[PDB]
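The structure appears right after this line, and notes come after that.
Chain naming follows the written order as A, B, C, D and E, and within any one chain the residues start at number 1.
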Amino acid sequence: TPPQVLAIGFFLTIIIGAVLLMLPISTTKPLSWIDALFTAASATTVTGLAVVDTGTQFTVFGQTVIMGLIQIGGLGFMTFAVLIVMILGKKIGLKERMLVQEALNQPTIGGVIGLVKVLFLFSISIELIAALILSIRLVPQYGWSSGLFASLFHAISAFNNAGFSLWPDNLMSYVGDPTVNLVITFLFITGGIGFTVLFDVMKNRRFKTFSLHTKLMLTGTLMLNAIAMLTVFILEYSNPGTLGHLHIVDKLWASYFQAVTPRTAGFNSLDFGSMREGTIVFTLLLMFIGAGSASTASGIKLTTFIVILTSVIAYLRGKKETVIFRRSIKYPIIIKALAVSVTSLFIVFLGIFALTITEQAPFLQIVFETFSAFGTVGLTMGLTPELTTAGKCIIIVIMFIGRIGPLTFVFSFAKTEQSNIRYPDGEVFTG
Amino acid sequence: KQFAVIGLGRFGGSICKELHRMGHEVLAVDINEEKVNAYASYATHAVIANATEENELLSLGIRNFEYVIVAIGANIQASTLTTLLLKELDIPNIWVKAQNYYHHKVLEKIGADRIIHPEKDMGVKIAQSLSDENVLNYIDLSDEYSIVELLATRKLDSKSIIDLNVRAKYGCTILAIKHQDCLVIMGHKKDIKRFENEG
Amino acid sequence: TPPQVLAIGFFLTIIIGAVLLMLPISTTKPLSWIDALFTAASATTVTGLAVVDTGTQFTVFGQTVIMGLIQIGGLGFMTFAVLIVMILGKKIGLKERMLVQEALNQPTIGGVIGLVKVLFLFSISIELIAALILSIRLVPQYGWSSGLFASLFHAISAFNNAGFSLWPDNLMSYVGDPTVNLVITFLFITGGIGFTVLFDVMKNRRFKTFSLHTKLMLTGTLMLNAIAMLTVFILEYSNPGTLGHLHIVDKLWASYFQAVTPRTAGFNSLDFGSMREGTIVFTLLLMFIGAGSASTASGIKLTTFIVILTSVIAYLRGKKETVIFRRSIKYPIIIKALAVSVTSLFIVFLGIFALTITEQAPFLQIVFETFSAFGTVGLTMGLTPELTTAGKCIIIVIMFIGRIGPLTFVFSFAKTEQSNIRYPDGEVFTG
Amino acid sequence: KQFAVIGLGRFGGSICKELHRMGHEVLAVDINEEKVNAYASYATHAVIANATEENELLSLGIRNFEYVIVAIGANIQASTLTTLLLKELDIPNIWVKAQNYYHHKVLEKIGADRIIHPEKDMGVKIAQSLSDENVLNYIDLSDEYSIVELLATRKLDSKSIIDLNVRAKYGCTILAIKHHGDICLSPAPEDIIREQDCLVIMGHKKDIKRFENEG
Amino acid sequence: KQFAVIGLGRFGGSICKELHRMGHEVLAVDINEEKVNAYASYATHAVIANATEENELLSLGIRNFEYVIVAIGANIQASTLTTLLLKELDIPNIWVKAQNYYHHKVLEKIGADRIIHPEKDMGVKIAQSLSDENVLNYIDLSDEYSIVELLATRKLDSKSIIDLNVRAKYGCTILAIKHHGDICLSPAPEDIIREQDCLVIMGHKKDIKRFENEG
């Protein structure tokens, strides 16, 4: 039932938010029932896949519904539900505390309610400050009415790993601007690093006192962003469409930006449709991996990837246990990481299979779109405006399972029968 | 027919191997992991389960078995708790292996359909062969008449059946001869012993 | 060192075959040093990727070298090594018996030499019989010198899951032919099912007496080939390029042939380049799975797929152990399987990444080429003749690792560091 | 310096916490899984290993440590076998915790650099406080000279330093006088002793006992 | 020659290390995981198995070994059931380490090709060295004849071979003289016997006793 409440509550926010976009106030142009359902699902799953341009199709009131759906969907459904109950004064019971444990994927119920106090207070604080930092740049270019709203929309969009942009070019006009680059890359790196990581970073100011998870995320993000920045710069250095007609200073900005955006924001500074096939392949591995076990990002998390990678290498070297940072890792941690990875690959395989039946599109665009939808990144090669009505319905199901997590979606409708009986061992050869 | 044998000891392990040899569906339950692994090949279904728990007993589909044999005869607590559960699950035929006279009396109260003493029935059968070495095997039709498979001595060599007056003098009916040759006989318990002494 | 001997011995047969194919006697046309090495490596790794046509480029002696490479690499390098030792009369030691245990992927050394006698006797028995059955059809069409040889070449090629064919159209002239379809599909199904599965059925004639591995392979192959037959027939029923201008009887034969040929024979009746993208995507999953741990096929095996799939499904159902056919499967089985599947995906991903850098080709053909080379299937969408000198070197590496196995290739250069020390447990969130 | 503590008992676990408190690299080796999980956070590196085995000892890089403290003092076999390994590995300082007289003598033969009796040393210090309740803590400079932190009684209340004849009659020097959380190093004549205060004194061992009985 | 050693104890582990040193293919079987990991480097292949079970015995590949050594000598049940399976498997040579006299009687019945008493045979050899301090090592050719490696006393110092009338008086022939670490096979008359040099002397079992006593 704790996975059932999350699944029901997440879907209802799509349906409730879809009606708010269908109103004539929300949009300038008529909006289809599937485009409104896609944009509602692309916001509460915090993906950023846009059938129609967000700035032009929607009015100010329509974009205010977007910010509400991004904020509610970015921090999780049960995160705001805790605040509502505490405000009204209802007691947070043990039954209500088990939902919060399931929502943050915590193994322990100790201090899980206090983390919601910490994480919501930090989230509203950082989105407010980052808007002020972006206010010094977006206000002289768009006035006070639009510049203040442009900075406020993007601070909520960037921190929650959304990638929605009001402008027709999603951050392609600010390739070389350090103010837009540094502040936004600060938001989705810190917003996707993990809520428990940020709590562990602030309360202990020394690296030796960090938990194993906190040390994994700080080292894992730094290692992965370094390899990704080196790969995009080397592969796309001589490409004419992207990173070719740019200065060496602006080459390093777009290479830095395109390396951190697939995990899992979905902003861009170069056109992904003109990238080489070699760089797109590495982006798929990049955006199949997420960032942070409990954050605003999705996909299989970085700690899941490190656990499986280190467990395989330990086996290949003959070691009998998985050791990261001089810490052994138990069998329940390994099996949950492989259950996430195998379930995610099967669902991505179903999404790629079902789209090739439906869409008449190049294969690399279909593969790039399904990893982007399941990982809730939102990067495109030019397929989302070209989807059919049946093709869009597949992406909505993919984005739903991708944000909610493959395991929690399965636990909703999978019977949990406990049998204490055991069986004799059978030998099978698994070469 | 489907049979369940609970407890794979020397007794229960024999019933699993014999019923599997005849071509029957046998469920072999034992709390010991190494016992089930050995008898896994000799049973249609083998489970490492504790049968004193009702939750584990319902997991096996034990209500689908007409005959359940509880071959636990050294743990009275495990044997009596098991056959109380199976009587609750409305098993038509529960056959229990007992340990002593008091274990027989508990299982008779709590509804065992047949209670078996394998070592006590064999020990009395062995001690009858020890006391009189002429006998080899017997079956008690009643408390006073038996079909004793006697062994022919040296004085019975080269003696015809018509020479023997077992029909009238001893009142014993010879049934078969298995060529000292095995001599199957039937008569009163006191009457057969006369033929053994006088050849 | 048991895995180090296999890698060295398997590499030497590539060198020996490359020398024999590059002689003027064994070919009718000039041959490059890479194309001769590619053809030799594609034969001992038993893949069937042909840069050049086998029928025209090579003489009768050259095709006789190919049959030698297919038979040696199909049955394994160490299988013939033991038979040479036994023919010479030399005793089989414990050290030489450990090499056979490694090559056959057996867990124990109990009866590992007696299996070699059975698998070699069974191989030449069924290759001789099937060559006679193919002769009653091939000989009236191509005479006695060519009809008897072509039947002999294909019976060896089919049994060892090679896919080499003398004709320029690889079995595309026998789409509706029941004699070729039945005999050839009978060969690579039994030739790739596993040597231990055949040995178990030969000595035990009742299904309840089979082991867990034998029941996994017999039931798994039946179910997997039935689903693949249903998928090909439905998706390709309206396709104009393939399966469209065919009779209903021929549609059943071609769908059945294409259901079983990706695991891992690589023969064909239809052009895979004109198939839809939906069938190619399902074939990619199909040829990532092989058949049989000790067989003539490659890829991750059918038992590895089922062990991983059941381990996840049991976890998602809340069960505490993996049970297939009322038998518990231990943790050491689950860990090897994971390594075989994770290492294989990493190598396939590196191949697709390296081919996209090198080759200028559609992305669907690059992914199809790498899965076909790693699983040693040999099916092409039309890329192998168009590969460059740098591209063919990558495929040679992929075919080599695919046949010998990712585990035994890593164990060649991974120093098994033994230590009895342990570490305190670590808590990392892998949700 | 790099320290290794082998055996996380009450004695071994206290050295791990204290050296980690002062900021030192400490390796905590124990054969018990539960002990290592307790001191994993109180040590730079914590390993679950058997120290009587050479293969497990060489895996830790135990040759990189200047000091090894073998805090196994109830298993004589495990304690003596460990320091035989460490002596073979040319560890500069091997400090071993002993159990009885005979365990001390085995470790002396096989080359223990320093042998420690934690409970025997603390038992003697406690038994000096039980015998004489006026003492609180003491340290033996030699077999006849000691620094004793005494406890002031009622007869020493309202008395000055010059009034006390410790320097001349007893031949003992008062070192410091604690006064309710306030300490007076090297008092000058004259300071008034309170009711119950520390009376840190230095002198001959027998001369202090005469001072306690008389005053 | 292929060897399998079942039970890696002090006796079984010594056969594995000595046969592997000579360059033989040794399979080391044990039931203890620590023992198997210890002898991975001293055996061609080391397997964890329980030898009393026949299914685990055929997995090892036990029918391929000409010599099997069952070096279990503390569990009579485990030793006798192992050599019962191996005898039933038509193993040509089974060498079993026994414990007591009744264990020797069981193995003789169930077909052990050779039964070994390592500690009993060494205890008899040691008790000859305790009883007679002159002897160092001896080999019983029979029950009445032996080759004894004696040790030179003070009265044998500066004595030549022909001076010692051992050949006539005792009827014992001196075989070799371990001279100061260098042997002298078949010494010729005469060689000077030093203070402490081994005198390998062959004779009757009673006669060498006279030579030891009379010096």
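In this section, a contact is a pair of C-beta atoms (placed from the backbone, for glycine too) under 8 Å apart; a residue touches a chain by one contact, two chains touch by 3 or more.
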Set of chains adjacent to chain A and to chain E: C
Middle chain, criterion being Cα centroid separation: C
Centre distance in Å when chain C and chain E are each reduced to the mean of their C-alpha atoms: 55
Distance between the centres, which are taken as Cα means, of chain B and chain A, whole angstrom: 70
Averaged-CA centre spacing for the pair chain E and chain B, given as whole angstrom: 54
Chain B residues counted as touching two or more neighbouring chains: 40, 46
Where chain C touches two or more other chains, by residue: 326-327, 418-420, 422-425
Residues of chain D defined as touching chain C within the complex: 33, 36-37, 40, 46-50, 53, 55-56, 59-60
Partner chain C, residues of chain A touching it in the complex: 105-107, 196, 211-213, 216, 235, 276-278, 280-282, 285, 293-294, 301, 303-304, 307-309, 311-312, 315-319, 321, 323-331, 333, 335-340, 342-343, 349, 352-353, 356-357, 362-364, 366-367, 405, 407, 410-411, 414-419, 422-431
Contact footprint of chain E on chain C as seen in their complex: 92-95, 97-98, 108-112, 418, 420
Residue ranges of chain C touching chain D (in the complex, touch as defined): 418-425
Residue ranges of chain E in contact with chain C within the complex: 2, 25, 27, 37, 40, 44-45, 58-61, 64
